[PDB]
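Quick notes on the structure that follows.
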Amino acid sequence: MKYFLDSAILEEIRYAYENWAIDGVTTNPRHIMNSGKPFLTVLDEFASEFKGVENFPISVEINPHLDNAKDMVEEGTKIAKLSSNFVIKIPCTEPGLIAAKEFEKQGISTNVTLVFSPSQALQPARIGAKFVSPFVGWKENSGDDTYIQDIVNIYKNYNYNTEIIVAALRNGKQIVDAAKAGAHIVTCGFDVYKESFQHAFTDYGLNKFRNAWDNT
Amino acid sequence: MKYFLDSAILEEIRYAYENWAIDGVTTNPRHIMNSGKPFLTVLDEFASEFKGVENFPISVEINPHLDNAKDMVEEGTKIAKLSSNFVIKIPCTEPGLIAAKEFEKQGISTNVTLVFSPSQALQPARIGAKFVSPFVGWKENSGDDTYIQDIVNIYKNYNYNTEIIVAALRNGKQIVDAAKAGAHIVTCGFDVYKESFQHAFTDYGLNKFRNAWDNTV
Amino acid sequence: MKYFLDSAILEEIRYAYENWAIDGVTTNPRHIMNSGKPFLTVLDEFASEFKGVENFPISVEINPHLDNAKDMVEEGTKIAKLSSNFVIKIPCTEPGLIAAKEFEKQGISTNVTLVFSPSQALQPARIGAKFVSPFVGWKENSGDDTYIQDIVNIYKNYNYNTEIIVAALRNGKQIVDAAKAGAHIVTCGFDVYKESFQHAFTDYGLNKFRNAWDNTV
Amino acid sequence: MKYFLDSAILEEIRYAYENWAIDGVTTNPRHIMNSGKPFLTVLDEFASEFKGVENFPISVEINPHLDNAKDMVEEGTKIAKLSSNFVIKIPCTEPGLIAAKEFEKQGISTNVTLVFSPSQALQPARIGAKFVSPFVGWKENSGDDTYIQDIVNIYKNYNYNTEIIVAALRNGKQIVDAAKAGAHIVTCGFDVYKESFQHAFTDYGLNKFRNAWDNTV
Amino acid sequence: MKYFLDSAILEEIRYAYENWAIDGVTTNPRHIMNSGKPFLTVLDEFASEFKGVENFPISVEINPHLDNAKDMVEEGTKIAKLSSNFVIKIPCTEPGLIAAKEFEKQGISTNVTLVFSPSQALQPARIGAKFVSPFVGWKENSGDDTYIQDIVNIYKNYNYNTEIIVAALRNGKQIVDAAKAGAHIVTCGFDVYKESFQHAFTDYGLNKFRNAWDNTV
Amino acid sequence: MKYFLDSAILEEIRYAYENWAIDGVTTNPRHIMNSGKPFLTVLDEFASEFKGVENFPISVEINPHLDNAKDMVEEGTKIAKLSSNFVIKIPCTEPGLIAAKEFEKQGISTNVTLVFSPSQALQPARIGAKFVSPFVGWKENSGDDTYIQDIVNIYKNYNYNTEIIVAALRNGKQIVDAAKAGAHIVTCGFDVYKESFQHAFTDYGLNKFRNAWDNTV
Amino acid sequence: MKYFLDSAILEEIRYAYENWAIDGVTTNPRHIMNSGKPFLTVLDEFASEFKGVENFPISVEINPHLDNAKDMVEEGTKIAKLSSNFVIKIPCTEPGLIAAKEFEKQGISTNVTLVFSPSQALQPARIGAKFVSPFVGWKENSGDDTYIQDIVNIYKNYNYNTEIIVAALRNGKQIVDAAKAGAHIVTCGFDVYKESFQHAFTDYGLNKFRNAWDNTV
Amino acid sequence: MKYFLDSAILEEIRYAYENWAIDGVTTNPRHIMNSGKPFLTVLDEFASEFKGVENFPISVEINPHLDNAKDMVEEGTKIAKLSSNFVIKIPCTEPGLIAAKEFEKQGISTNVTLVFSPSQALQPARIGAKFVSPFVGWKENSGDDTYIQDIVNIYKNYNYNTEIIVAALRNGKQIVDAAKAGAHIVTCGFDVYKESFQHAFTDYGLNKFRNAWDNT
Ligand SMILES: *[C@H](CO)[C@H](O)[C@H](O)[C@@H](O)CS(=O)(=O)O
Ligand SMILES: *[C@H](CO)[C@H](O)[C@H](O)[C@@H](O)CS(=O)(=O)O
Ligand SMILES: *[C@H](CO)[C@H](O)[C@H](O)[C@@H](O)CS(=O)(=O)O
Ligand SMILES: *[C@H](CO)[C@H](O)[C@H](O)[C@@H](O)CS(=O)(=O)O
Ligand SMILES: *[C@H](CO)[C@H](O)[C@H](O)[C@@H](O)CS(=O)(=O)O
Ligand SMILES: *[C@H](CO)[C@H](O)[C@H](O)[C@@H](O)CS(=O)(=O)O
Ligand SMILES: *[C@H](CO)[C@H](O)[C@H](O)[C@@H](O)CS(=O)(=O)O
């Protein structure tokens with residue numbers, strides 16, 4: 001099970017890598033906006049921070065305004081030529097799935113993102129996408145139950161190599177649901193991961209044990 | 001199905017009451033801290049705005065440092081005397097369940113809060129608490145699945161009048177889980193309720209119908 | 001179980017009303033564009049074809065562009081001064097649910113449409129909407145399974161009077177899915193209803209029974 | 001639970017009525033062909049045999065070649081006047097469901113037959129058919145499986161008075177499937193009913209009990 | 001739940017009636033053979049033992065060689081005159097179901113026995129049999145799983161008054177399956193009932209409680 | 001839902017009765033060996049403590065060495081004459097069930113205890129025992145899963161008035177299992193009830209709410 | 001299936017080894033406040049008793065007041081240098097999981113204890129902890145159902161080598177629940193293991209077999 | 001699937017071995033009492049009857065009045081030294097499980113009997129007992145449902161070579177419940193096996209075939 005930090009801040013990407021053993025980092029245009037730094041700056045820092053680090057995927061979304069599968073394959077190329085750890089993140093559109101097939105044919109790893117159905121997720125796997133990111137949190141905010149088990153089961157039944165990155169996770173019970181399903185990776189913010197490692201009954205027992213130690 | 005606004009901001013309680021038909025405002029020491037106003041001030045403004053309004057439960061938690069059921073029955077009696085809409089919120093502890101049984105015997109409505117198991121929910125029901133608030137969000141943040149259906153089923157099987165207020169709700173899917181269980185009330189923040197009323201397919205269809213209207217005479 | 005004809009063509013509305021006993025009619029801006037007639041005319045013709053009839057709800061949607069609950073209240077009030085049978089169809093949005101609550105308070109029947117979750121469907125129920133239309137076909141076209149049973153169960157558990165109109169139905173196993181759930185009404189196009197009444201095994205048996213009748217005096 | 005004899009032979013109808021307490025008789029153009037007597041003759045005999053008998057429905061299918069409603073309502077209005085026990089059996093076709101609605105409006109009991117889906121069985125109920133005959137054996141000869149629980153559940157959920165007659169039954173285990181579903185009536189041939197009343201373990205026990213009786217005084 | 005003693009021994013019938021509150025007694029040609037007394041004597045000691053006792057049914061099987069519904073309604077009528085507590089037990093044969101319908105029409109209570117399927121049992125209920133005895137033990141001895149829940153559910157769904165007597169019971173686990181199904185009566189031998197009232201964890205606790213009582217003033 | 005205190009200590013019975021609203025008290029021959037006081041001294045303190053209190057059943061087990069239903073019926077009559085609030089507790093054995101039937105016929109309330117099977121629980125209710133105590137903890141200690149739902153269902157199904165007292169409970173999750181089943185009463189020690197009312201997540205929230213209160217003016 | 005003795009009393013550790021074949025020993029700061037001997041003494045005894053007994057893990061918890069992962073790694077390195085059988089037990093806290101990752105990198109076996117959620121048992125195995133101890137008893141005492149199957153199923157899927165030690169077990173039914181889930185090890189007190197090996201039906205059969213042996217030559 | 005004859009009568013053991021292919025024989029102090037012969041006599045006959053027969057286990061229970069693991073590993077050793085087909089049957093008690101662990105260490109096959117829970121069955125497995133006999137008919141005679149499925153499934157999640165000889169079986173329906181679970185052996189008396197091979201619909205068909213054979 002891989003834990004990808006869904007953040008674009010280096011302080012938290014350095015902490016999680018040295019203390020939590022994160023296996024990768026996913027970013028979206030909103031995480032880079034919240035960074036406060038320009039996009040190219042965030043990329044330069046991420047490229048140097050993990051220059052040598054191998055097997056550390058860094059998903060980076062291309063211009064969200066791109067509408068042609070050809071202006072995507074030419075922008076996500078400039079980007080993929082900035083760091084070998086960079087994985088071009090492309091939305092679940094028709095120009096995106098056409099651009100993700102061309103990218104994968106040229107050997108550029110792609111993460112087909114914004115997938116909200118098991119039918120929007122099968123095509124990315126039939127064009128050899130390295131990663132497919134099915135979103136959970138967004139659908140739930142609108143009162144929809146979150147198809148993740150279906151994608152895991154389909155991927156397995158047809159021996160697909162595409163790795164599923166359950167995204168928009170907001171709590172550790174959703175990490176346990178992704179993991180109960182068999183999802184390959186789970187991407188979550190720094191705080192979702194910290195709270196997932198904590199429990200009130202650990203603090204209760206700690207107080208009971210801290211007492212028995214002080215009475216010995 | 002009651003929708004209670006979990007907030008201590010009046011401008012939001014004003015809107016939600018005039019547009020969403022909120023059935024009551026729950027609050028906790030953290031919501032009053034985030035209000036930026038002193039506790040007694042928040043109470044006065046809520047005791048005035050909803051002065052005549054009948055059947056608008058306003059749950060207000062007493063001092064969380066109170067450790068004796070006697071110090072509780074005395075602090076919550078004072079708060080309850082400030083408006084008839086106010087429902088004293090007491091934590092599910094020994095000194096809270098003893099204090100909730102007294103208040104309920106004196107006719108002061110009580111909301112036994114911080115309940116995280118169906119065993120902690122049954123005692124509040126056996127002492128005639130008006131409300132019992134089982135929390136969901138907190139347990140989930142620690143990787144625990146959220147016992148709500150058990151409480152609803154137990155309450156129903158034993159004909160208890162205590163109304164269940166599923167609390168710590170963070171999304172509309174958790175509001176749909178509480179409704180599918182049969183919970184009486186669901187307390188959520190203003191933004192959880194707004195997003196629960198919205199869907200992407202409702203913007204998709206409204207673009208398809210907005211274009212059809214433009215190609216019509 | 002009510003069968004509403006999802007059509008704006010009076011020629012198919014007239015056939016279904018006499019031969020299939022349809023219980024009502026629903027029209028979206030796209031059906032009134034496919035009619036080929038202007039809207040205010042498709043209206044005049046329904047306002048006259050059913051002037052005598054009552055309990056035959058005719059759902060009709062307002063400018064899919066209106067963004068304010070006030071401008072939505074003014075437009076749907078006028079469209080309702082056209083015929084007692086006219087039920088104003090409003091999208092499940094922020095200003096649509098605010099406009100549907102004001103409409104229902106003035107006694108104008110409303111059909112909160114474009115609902116794609118049980119959470120967007122509970123608020124329409126809370127404000128006393130006459131009808132709530134949960135869409136099925138659109139979600140399926142995008143690979144999503146179609147929450148209809150949840151809405152039926154929630155509506156029933158909380159004794160809501162709002163009648164559920166399963167919409168975007170494309171076949172008769174989807175009409176059988178809505179009936180198995182307990183949905184009140186199902187809205188479908190004329191051809192979905194005709195094919196739902198037919199089966200190949202009925203034509204097989206008919207041929208076997210035709211052969212027997214012939215080999216008999 | 002009603003047991004209708006699916007036969008046009010009056011030696012089997014007379015036996016089953018006096019010994020098995022059959023509650024009715026269903027016939028199809030193939031049962032009348034196998035009778036060896038002309039259709040009108042079989043009808044005259046059935047009309048006299050049960051002249052006074054009340055509550056004994058005798059389902060009789062009209063010409064299977066009839067393709068128009070107007071021509072169906074005319075051949076069964078004339079088959080109905082030959083006995084008050086006769087129930088016009090009409091195929092689940094467009095012209096058949098239109099003819100079954102006109103018939104039911106004139107007070108002529110109708111049995112909409114050849115129904116092989118729950119979507120085809122709902123319309124007969126939405127037009128007040130006295131009986132709807134969902135078919136089992138035919139669909140299973142072709143490998144398919146038997147919806148005969150969906151129809152029962154739908155009929156019940158919507159309080160329909162139409163009585164379901166599970167037809168094409170070939171064994172008592174299918175009589176037990178229809179009874180477990182809640183079907184109102186089951187129509188079966190004389191031999192299906194006889195074998196359904198018999199078991200090998202009844203003959204085994206009978207031999208064990210016949211042995212003891214002989215080793216007693 | 002009623003408990004009928006499946007025995008023809010009056011020392012066991014007398015004990016079970018005074019200590020276990022048995023509600024009736026069922027006998028078969030094999031129980032009378034094992035009695036060691038003549039059938040007539042066993043039938044004249046049961047008549048006197050319960051002369052006045054009301055609501056104490058005593059099921060008595062007629063000659064198992066009877067093959068005609070007539071010679072069996074003549075021999076059975078005879079036994080039914082020798083006491084008002086006697087219920088004629090008739091096998092689930094064709095001549096038996098015809099004879100059980102005639103008897104039930106003359107007001108003689110009948111117990112249609114040797115029923116090994118829910119179809120062999122729906123007919124006894126459609127003719128108004130007072131009791132239907134579905135056998136369990138015999139089918140199990142041959143490796144067949146024991147349809148009892150189906151009969152209970154069918155009887156209930158169609159509001160039948162026939163009372164189900166689960167027979168051939170051999171252990172208390174089978175008495176709890178009949179009860180978990182909703183069977184009206186369970187017939188068992190004296191030893192099956194005694195052991196069903198005992199456990200080894202009741203003897204364990206008794207020893208723990210006897211040790212405590214001793215170590216106490 | 002009744003909470004009986006499984007204790008013979010009057011400091012815990014008096015606290016539970018005044019703060020937790022216990023509805024009754026159950027005692028076993030070993031909880032008395034533990035009280036330190038002699039048996040009839042324990043009883044006489046219970047009789048005075050609850051002389052006025054009506055409807056507070058106090059289950060008291062008779063001599064566990066009693067082997068005859070006559071000796072048991074002679075000794076439980078004496079104990080029952082020492083208070084109306086006393087309910088004679090009898091083991092589920094042959095002579096205990098015979099003694100419990102005689103006791104119930106004389107109007108002395110009985111609690112048939114040491115029941116470990118759903119089959120041992122049936123004769124108890126088939127003789128009108130006031131209470132039946134199915135034990136859970138003992139069976140679990142030996143690796144056996146704990147039949148309680150079966151007893152609740154069998155009791156409901158055959159509409160029996162005997163009240164089920166789930167006994168040997170050791171944790172609040174077993175109290176939530178009994179409540180989810182529909183058991184009438186649950187008997188537990190003082191500490192099982194205290195811990196059942198407490199949760200670590202209530203102490204967590206209390207600390208979060210105590211920090212917020214301190215930053216509020 | 002490994003059975004670790006949750007004890008710090010060497011009379012019980014020595015017995016369980018020589019007679020029950022325990023596969024290891026787990027201890028906590030409260031088991032050592034109960035062993036009387038000071039901590040370092042208990043450790044010296046455990047180190048000598050198992051000086052050359054390979055594959056006998058002895059889990060020993062470090063100072064529970066340690067709040068820094070650096071202070072925990074210094075204290076647990078010292079304890080681990082006292083024996084090769086010793087396994088440093090660290091709480092599932094932020095600094096505990098950081099200290100357990102450093103320990104496992106230096107080759108010191110660690111047992112991440114106090115895990116109550118399956119999201120907490122995931123960082124532990126995503127850092128190569130030798131053991132993860134999910135607690136059951138504590139959660140149950142507060143009325144919470146005990147996620148153990150989820151952890152087992154998550155470890156198998158992702159193929160984590162970390163061995164799960166279900167802790168706080170209190171009966172043999174909870175040992176049978178852990179075994180049915182597929183847990184690697186179960187840690188229990190000496191008395192939980194003794195009672196788990198005993199059953200009242202083994203004493204019943206033993207008495208039946210002892211009576212037979214006596215009535216035999 | 002092994003069918004052991006739960007009998008101490010050699011006329012029934014001889015018949016079942018030659019006609020039903022029984023794979024073994026289990027006996028208890030009550031079966032030897034009902035034999036009418038002295039215990040040592042029954043043993044001598046069983047030892048000679050199957051002197052050469054290999055892979056024919058004969059479970060023989062020792063004094064039920066023994067409470068010391070030392071007098072039980074001393075009374076078994078003597079019996080086990082009478083025939084190599086003999087398997088010492090020991091009750092699931094503290095001293096029985098201690099005595100079964102000593103026997104199994106000395107290479108004497110043991111059948112830990114009187115097991116009525118899956119917890120009481122796991123210890124016999126953890127000490128290498130050849131056989132474990134979970135009883136069914138005694139628990140059901142008192143109204144308890146019969147765990148035999150979780151003894152089979154735990155003995156499989158943990159690869160235990162102990163073989164489950166499910167005992168106290170009284171009808172063919174339990175010989176089929178045990179088979180549907182995955183029990184290795186099932187012990188039943190001569191007649192629970194005879195009746196299990198017979199059905200009324202085999203006599204019904206035989207009369208149809210028999211009649212259709214006088215019409216041909
Ligand atoms: C990339 C998917 O692989 C992104 O990081 C994703 O947008 C979301 O995970 C997060 S959020 O909604 O923006 O929080
Ligand atoms: C009262 C319960 O009835 C409170 O408003 C409650 O604390 C929580 O609902 C919310 S949060 O965790 O503080 O968001
Ligand atoms: C109104 C809902 O009550 C409409 O008629 C609805 O849009 C859809 O039912 C149909 S479609 O997708 O336009 O076919
Ligand atoms: C009428 C239905 O109510 C008929 O009798 C029906 O065709 C079938 O039941 C029988 S068969 O296939 O012709 O045997
Ligand atoms: C009557 C049925 O009501 C009989 O008593 C029945 O045969 C069987 O219950 C018993 S047995 O197989 O003969 O034991
Ligand atoms: C009476 C049953 O109603 C007793 O109080 C019972 O023995 C047990 O509940 C408790 S324990 O095992 O002795 O703890
Ligand atoms: C270590 C976990 O591996 C301990 O021994 C644990 O605390 C608990 O198992 C037991 S108790 O609650 O202290 O009884």
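Each chain of the structure tokens is named A, B, ... in the order shown, its residues numbered from 1; ligands are numbered from 1 in display order.
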
All alpha helix (DSSP H) residues (DSSP, backbone) inside region 130-159 of chain C, as a PyMOL selection string = chain C and resi 137-141+148-157

Cut-off 8 Å, only C-alpha atoms and all ligand atoms, neighbours of ligand 3 as a tab-separated table (two decimals) with N, CA, C and O atoms, in the first residue's frame:
chain	number	residue	atom	x	y	z
C	6	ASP	N	-43.58	11.51	-20.64
C	6	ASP	CA	-42.51	12.52	-20.75
C	6	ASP	C	-42.47	13.00	-22.19
C	6	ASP	O	-41.56	12.57	-22.92
C	7	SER	N	-43.42	13.83	-22.61
C	7	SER	CA	-43.55	14.28	-24.02
C	7	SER	C	-44.21	15.65	-24.08
C	7	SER	O	-44.97	15.96	-23.15
C	26	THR	N	-45.16	15.30	-18.25
C	26	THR	CA	-44.01	16.17	-17.85
C	26	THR	C	-43.26	16.69	-19.07
C	26	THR	O	-43.08	15.91	-20.00
C	27	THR	N	-42.80	17.95	-19.08
C	27	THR	CA	-42.11	18.57	-20.23
C	27	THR	C	-40.86	19.34	-19.82
C	27	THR	O	-40.98	20.24	-18.99
C	28	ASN	N	-39.68	19.00	-20.36
C	28	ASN	CA	-38.44	19.79	-20.11
C	28	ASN	C	-38.22	20.73	-21.29
C	28	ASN	O	-38.88	20.56	-22.29
C	29	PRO	N	-37.40	21.78	-21.16
C	29	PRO	CA	-37.10	22.69	-22.26
C	29	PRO	C	-36.69	21.96	-23.55
C	29	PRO	O	-36.88	22.52	-24.60
C	30	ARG	N	-36.15	20.74	-23.45
C	30	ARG	CA	-35.68	19.97	-24.63
C	30	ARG	C	-36.87	19.30	-25.32
C	30	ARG	O	-36.80	19.15	-26.54
C	31	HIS	N	-37.89	18.90	-24.60
C	31	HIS	CA	-39.10	18.32	-25.21
C	31	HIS	C	-39.87	19.43	-25.92
C	31	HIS	O	-40.50	19.12	-26.92
C	59	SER	N	-46.39	19.02	-15.79
C	59	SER	CA	-45.17	19.72	-15.30
C	59	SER	C	-44.52	20.54	-16.39
C	59	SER	O	-44.19	19.95	-17.40
C	60	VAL	N	-44.20	21.81	-16.13
C	60	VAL	CA	-43.65	22.75	-17.14
C	60	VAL	C	-42.52	23.60	-16.54
C	60	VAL	O	-42.82	24.37	-15.66
C	61	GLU	N	-41.31	23.59	-17.10
C	61	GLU	CA	-40.13	24.28	-16.51
C	61	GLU	C	-39.97	25.73	-16.96
C	61	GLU	O	-40.24	26.00	-18.12
C	89	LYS	N	-42.07	23.28	-12.77
C	89	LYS	CA	-40.87	22.41	-12.59
C	89	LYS	C	-39.66	23.30	-12.33
C	89	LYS	O	-39.37	24.13	-13.20
C	111	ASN	N	-42.50	20.93	-8.96
C	111	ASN	CA	-41.80	19.64	-9.21
C	111	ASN	C	-40.31	19.94	-9.22
C	111	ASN	O	-39.80	20.31	-10.28
C	112	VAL	N	-39.62	19.80	-8.09
C	112	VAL	CA	-38.15	20.03	-7.99
C	112	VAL	C	-37.45	18.99	-8.86
C	112	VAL	O	-37.38	17.84	-8.41
C	113	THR	N	-36.94	19.36	-10.03
C	113	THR	CA	-36.34	18.41	-11.00
C	113	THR	C	-34.82	18.41	-10.92
C	113	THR	O	-34.29	19.12	-10.07
C	114	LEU	N	-34.15	17.62	-11.76
C	114	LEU	CA	-32.67	17.51	-11.81
C	114	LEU	C	-32.13	17.18	-10.42
C	114	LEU	O	-31.24	17.90	-9.95
C	132	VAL	N	-40.90	15.42	-6.65
C	132	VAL	CA	-39.41	15.46	-6.69
C	132	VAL	C	-39.03	14.49	-7.81
C	132	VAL	O	-39.47	13.37	-7.72
C	133	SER	N	-38.30	14.90	-8.84
C	133	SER	CA	-37.96	14.03	-10.00
C	133	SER	C	-36.50	13.56	-9.95
C	133	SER	O	-35.65	14.28	-10.48
C	134	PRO	N	-36.18	12.41	-9.33
C	134	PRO	CA	-34.82	11.85	-9.37
C	134	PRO	C	-34.49	11.26	-10.75
C	134	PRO	O	-35.18	10.37	-11.14
C	135	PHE	N	-33.43	11.72	-11.42
C	135	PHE	CA	-33.09	11.27	-12.80
C	135	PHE	C	-32.24	10.00	-12.77
C	135	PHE	O	-31.34	9.92	-11.93
C	137	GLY	N	-31.50	7.72	-16.18
C	137	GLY	CA	-30.80	7.61	-17.47
C	137	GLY	C	-29.51	8.39	-17.57
C	137	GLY	O	-28.54	7.81	-18.05
C	138	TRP	N	-29.47	9.66	-17.17
C	138	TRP	CA	-28.28	10.54	-17.34
C	138	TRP	C	-27.09	9.96	-16.59
C	138	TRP	O	-25.99	9.93	-17.16
C	165	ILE	N	-41.07	11.11	-8.78
C	165	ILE	CA	-41.25	10.84	-10.23
C	165	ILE	C	-39.90	10.41	-10.80
C	165	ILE	O	-39.13	11.29	-11.20
C	166	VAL	N	-39.62	9.11	-10.83
C	166	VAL	CA	-38.36	8.59	-11.43
C	166	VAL	C	-38.36	9.06	-12.88
C	166	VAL	O	-39.32	8.75	-13.57
C	167	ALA	N	-37.34	9.79	-13.32
C	167	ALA	CA	-37.28	10.39	-14.67
C	167	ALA	C	-36.13	9.83	-15.49
C	167	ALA	O	-35.39	9.00	-14.94
C	168	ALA	N	-35.98	10.25	-16.74
C	168	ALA	CA	-34.91	9.79	-17.65
C	168	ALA	C	-34.96	8.26	-17.81
C	168	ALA	O	-33.90	7.68	-18.04
C	169	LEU	N	-36.14	7.64	-17.69
C	169	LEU	CA	-36.31	6.18	-17.88
C	169	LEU	C	-36.20	5.88	-19.38
C	169	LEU	O	-36.80	6.64	-20.15
C	170	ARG	N	-35.51	4.81	-19.77
C	170	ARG	CA	-35.26	4.49	-21.20
C	170	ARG	C	-35.77	3.10	-21.59
C	170	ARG	O	-35.81	2.84	-22.79
C	187	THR	N	-42.00	8.64	-15.15
C	187	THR	CA	-42.21	9.42	-16.39
C	187	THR	C	-41.34	8.81	-17.50
C	187	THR	O	-40.14	8.63	-17.25
C	188	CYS	N	-41.92	8.50	-18.65
C	188	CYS	CA	-41.21	7.83	-19.76
C	188	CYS	C	-41.75	8.34	-21.10
C	188	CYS	O	-42.89	8.80	-21.12
C	189	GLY	N	-40.95	8.27	-22.16
C	189	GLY	CA	-41.42	8.64	-23.51
C	189	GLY	C	-42.43	7.64	-24.03
C	189	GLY	O	-42.48	6.53	-23.49

inquiry  = Show me, as a VMD selection string, the residues of chain E whose atoms get within 12 Å of chain F, using only C-alpha atoms for the distance check.
reply    = chain E and resid 1 to 3 15 to 23 171 to 185 192 to 217

Expected file: the selected residues, C-alpha atoms, as a tab-separated table (two decimals), in the first residue's frame:
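Below you can see out.tsv, which holds the result:
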chain	number	residue	atom	x	y	z
E	1	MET	CA	-46.24	-23.25	21.19
E	2	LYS	CA	-48.03	-26.53	21.98
E	3	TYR	CA	-46.22	-29.73	22.95
E	15	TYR	CA	-46.79	-37.70	33.81
E	16	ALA	CA	-46.26	-35.22	30.90
E	17	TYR	CA	-49.84	-33.83	31.40
E	18	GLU	CA	-49.38	-33.22	35.16
E	19	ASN	CA	-45.73	-32.02	35.16
E	20	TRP	CA	-44.89	-30.69	31.65
E	21	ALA	CA	-48.37	-29.34	30.76
E	22	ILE	CA	-48.58	-31.24	27.42
E	23	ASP	CA	-51.36	-29.77	25.23
E	171	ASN	CA	-33.73	-33.83	19.64
E	172	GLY	CA	-34.37	-30.45	21.30
E	173	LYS	CA	-32.44	-28.64	18.55
E	174	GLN	CA	-35.22	-29.72	16.18
E	175	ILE	CA	-37.90	-28.47	18.66
E	176	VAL	CA	-36.12	-25.03	18.52
E	177	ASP	CA	-36.13	-25.03	14.68
E	178	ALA	CA	-39.86	-25.71	14.67
E	179	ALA	CA	-40.22	-22.82	17.15
E	180	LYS	CA	-37.85	-20.55	15.19
E	181	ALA	CA	-40.01	-21.34	12.10
E	182	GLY	CA	-43.34	-20.57	13.86
E	183	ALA	CA	-44.84	-24.08	13.84
E	184	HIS	CA	-48.01	-24.26	15.99
E	185	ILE	CA	-47.37	-27.65	17.68
E	192	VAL	CA	-36.89	-36.02	23.64
E	193	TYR	CA	-38.83	-33.59	25.94
E	194	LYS	CA	-36.95	-34.54	29.16
E	195	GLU	CA	-33.47	-34.13	27.59
E	196	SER	CA	-34.58	-30.83	25.91
E	197	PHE	CA	-35.16	-29.40	29.45
E	198	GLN	CA	-31.61	-30.38	30.59
E	199	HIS	CA	-28.06	-29.03	29.79
E	200	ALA	CA	-24.64	-29.89	31.25
E	201	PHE	CA	-23.92	-26.20	31.89
E	202	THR	CA	-26.94	-26.21	34.29
E	203	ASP	CA	-25.23	-29.02	36.29
E	204	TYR	CA	-21.91	-27.07	36.17
E	205	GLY	CA	-23.50	-23.88	37.59
E	206	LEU	CA	-25.48	-25.96	40.12
E	207	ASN	CA	-22.16	-27.37	41.44
E	208	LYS	CA	-20.61	-23.85	41.58
E	209	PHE	CA	-23.74	-22.55	43.43
E	210	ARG	CA	-23.78	-25.62	45.76
E	211	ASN	CA	-20.09	-24.95	46.69
E	212	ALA	CA	-20.90	-21.25	47.39
E	213	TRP	CA	-24.02	-22.03	49.51
E	214	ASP	CA	-21.80	-24.36	51.61
E	215	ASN	CA	-19.08	-21.68	52.07
E	216	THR	CA	-21.78	-19.28	53.38
E	217	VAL	CA	-23.72	-18.87	56.68

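Least-squares superposition puts chain A on chain H with a C-alpha RMSD of 0.2 Å, counting every Cα pair in order.
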
inquiry  = Neighbouring residues of residue 13 (chain A) were defined as those with any atom within 12 Å, considering only C-alpha atoms; residues of the same chain fewer than 3 positions away were excluded. Please report them as a ChimeraX atom specification.
reply    = /A:3-10,16-27,42,45-46,49-50,56,58,188-190

inquiry  = At a cut-off of 9 Å, using only C-alpha atoms, what residues contact region 46-56 of chain D? Leave out same-chain residues fewer than 4 positions from it and give the result as a PyMOL selection string.
reply    = chain D and resi 8+10+14+22-25+41-42+82-86

Atom pair CA of residue 105 (chain G) / CA of residue 87 (chain G): separation (Å) = 14.1 Å
